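Below you'll find only one chain, the form deposited in one PDB entry, shown as structure tokens.
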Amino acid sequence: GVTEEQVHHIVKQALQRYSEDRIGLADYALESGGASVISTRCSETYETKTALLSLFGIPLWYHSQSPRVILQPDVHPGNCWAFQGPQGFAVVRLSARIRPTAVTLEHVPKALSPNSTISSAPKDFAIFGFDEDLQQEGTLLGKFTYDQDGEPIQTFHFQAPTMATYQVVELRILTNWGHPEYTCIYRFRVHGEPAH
């Protein structure tokens, strides 16, 4: 079979990959690395008016996650950005101009969900690139489907990316997994080739 040394090697390398943001690819949409949401170019946030923050017994305001959370690595149930219905979009100014080669979308696992369902997850989606920051018409980079029966983190590689570069990318959600009120986005990542 396998030697003990081979087992240690397999385990070490699997934990290395796990530690590298799970997938081992630089994320040009990570906010701490220099990416940001373009607030006016995102869907309206679905607000429930339920999470009330108070201080000294004084009600202050209701807390809802803004689109910024999709560019942050804190994926736990409820740490997601929600928009109303099954169609929505977010636009991100990447940390650098890149040739985009892949995107990653993740959702919470079924095992951490009541009744093992994730109907608020995005389903069909499309990625668009915008040449400059204030331009109206994007270029389609690819169309993909987040599989509710797949792994929580799903990476999608473009079949044949052109040589075009972009610093502005749109995540366009076309359908969801059936939730009748909203769609929840946990984390979106963009991968590719920077200047060198």
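Superpose the two forms; the largest set of C-alphas matching within 1.5 Å is the rigid core. Just count from 1 along the sequence shown to find any residue number.
What follows is about the form deposited in another entry, which we do not show.
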With the two forms fitted on the rigid core, I'd like to know which residue in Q135, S66, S32, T139 is displaced by 2 angstroms or more at its CA between this form and the one not shown. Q135
Using the rigid core as the reference frame, would you say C42 shifts its C-alpha by 2 Å or more between this form and the one not shown? yes
How does the C-alpha distance between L134 and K143 change in that other deposited form compared with the present structure, closer or farther, given a change of 3 angstroms or more? closer
Since the C-alpha distance between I185 and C42 changes by 3 Å or more in that other deposited form, give its direction relative to the shown form: closer or farther. farther
